[PDB]
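Okay, here we've got a single chain as structure tokens, the form deposited in one PDB entry, with questions on binding and movement later.
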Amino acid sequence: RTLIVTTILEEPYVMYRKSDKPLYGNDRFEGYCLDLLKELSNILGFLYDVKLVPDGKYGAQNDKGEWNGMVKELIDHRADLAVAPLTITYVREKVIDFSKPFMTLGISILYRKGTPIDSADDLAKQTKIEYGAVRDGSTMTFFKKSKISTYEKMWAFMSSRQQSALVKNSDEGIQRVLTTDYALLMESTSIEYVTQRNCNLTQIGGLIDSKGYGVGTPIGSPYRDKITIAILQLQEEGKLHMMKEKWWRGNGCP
């Protein structure tokens, strides 16, 4: 039987394909994660239906501690796999079973080119430049939970004024960096994609932490360890590197 795969639109992982006619089914989509799912299905021999997560969220807890997003789909057995840039975090790994990482990344800073700002510390010790993150994503959660001095300071700033420095999604954050005096705390793999495409933006500093994206499965899933092995195969054969180059390469920026 066919596996149900929950996912979410996010460039260049999952995108609607361009066509002159309405699209249906898996043919609606392309991107890094679709290529990954193709290669996993060729190794393991499953068929799959891709289904966008109905609430359009990744996965976080409400005040009752109930989950939402892709994470909740897995928990409730409404999906067999989640294939998306879903960050492997302590809070999520308690409730679902992630494969080992297919991509390795960290939080970093997206900002304008040409400025004296060089680090998170540089941001934290001032108030003129605004800075934030996507609300309720793993980056925000990192700042909220940190007991490291600099990151707390930054959290105090981000959460101030009813979280006015936060944004609902990455595209809103990018447009805010492009238009106003604002820096976005963003996952490094997304910064790499953005800066290959808008030449006035750059990454500031290095990575603030280290983590991965993994395929999500419900706790107890027999597919988890099989997908880990298939990922390690694809990594060792250079295929994951090829897939990243295909989807990230931009040809217009210095």
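Position 1 is the first residue in the sequence shown; the rest follow in order. Here, rigid core means the biggest group of C-alpha atoms that superpose within 1.5 Å across both forms.
Just so it is clear, the following notes concern the form deposited in another entry, a form of the same protein that is not shown.
If you fit the rigid core between this form and the one not shown, you'll see the Cα of residue 159 move by 2 angstroms or more. For residue 33, a C-alpha deviation below 2 angstroms is recorded between this form and the one not shown after rigid-core alignment. Compared with the form shown here, the Cα atoms of residue 155 and residue 96 move at least 3 Å farther apart in the other form.
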